[PDB]
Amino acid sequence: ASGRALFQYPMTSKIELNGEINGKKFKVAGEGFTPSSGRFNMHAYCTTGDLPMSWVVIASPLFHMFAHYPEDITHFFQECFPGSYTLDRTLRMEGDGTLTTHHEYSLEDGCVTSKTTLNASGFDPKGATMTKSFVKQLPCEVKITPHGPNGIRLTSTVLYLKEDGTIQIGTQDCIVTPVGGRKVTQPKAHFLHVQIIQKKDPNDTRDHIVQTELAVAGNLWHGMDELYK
């Protein structure tokens, strides 16, 4: 049993995230539900107190294996199982700060566990990230290309909406690397449409978020694959 045969829905998720931003250390944990292909939620909470940064900015750090892929595009993230993959992220909030994340995953009993670290240095203490002035991030297209002999790369430019109704940009670059000591067939260049919706639980006493991601793969530009050898 490998690849897509390991991703029979419903499934669950867990996260453990150890973070630091501008010297403030924090932890998040969460549990989530993946009812069906491409629709996955996460109820995360800061176990150290208040989260010292925007929940909107930490949204993308909070599971590409749950994306919905048509049959005719390789689902690289799923085809890495068994063996798994790492994700390395750089998220540059333009004019504000840069953060990196490192993720490791394991699959057991229908549950994907993410162990993630986040490092963030030199953010503007009056920027939207540290003052928590963001309302949401807008849906984007993530460009996925083959990267080196065995990886992929994911790039996106994300619009973050502040409370005054104006936009800040984040520039996001990820490398996925199989860690299963085996070759995984690389997909053709393609795009992922991604939307995040965040809300609060009526009762939870913790600093928390209830997040849903919709993530759908598509060959949005048939000619793009020609450019990536």
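When you see a residue number, it is the position in the sequence shown, counting from 1.
Quick one: classify how much of the deposited chain lacks coordinates between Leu62 and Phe63, choosing none, 1 to 3, 4 to 9, or 10 or more.
Gap size class: 1 to 3 residues without coordinates, per the record.
Could you settle it for me: does 176 to 184 or 192 to 200 have the higher average Cα B factor in the PDB entry?
The entry gives the higher C-alpha B-factor average to 176 to 184.
Could you check which stretch, 152 to 160 or 127 to 135, carries the larger mean CA temperature factor in the entry?
Between 127 to 135 and 152 to 160, it is 127 to 135 that shows the higher mean C-alpha B-factor.
Pick out which of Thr86, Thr90, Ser121, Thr117 has the highest C-alpha B-factor in the PDB entry.
Going by the entry's C-alpha B-factors, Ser121 comes out highest.
For the chain shown, is the CA B-factor of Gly38 in the lowest, middle or highest third of its modelled residues?
CA B-factor rank for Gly38: lowest third.
Among the modelled residues of its chain, does the C-alpha B-factor of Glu104 lie in the lowest, middle or highest third?
It falls in the middle third of the chain.
Sorting the chain's CA B-factors, does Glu141 end up in the lowest, middle or highest third?
Its C-alpha B-factor belongs to the lowest third of this chain's values.
Place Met224 in the lowest, middle or highest third of its chain's C-alpha B-factors, as listed in the PDB entry.
Middle third of the chain for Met224's C-alpha B-factor.
Among the chain's modelled residues, which third holds the C-alpha B-factor of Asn22?
As the PDB entry reports it, the C-alpha B-factor of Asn22 lands in the highest third of its chain.
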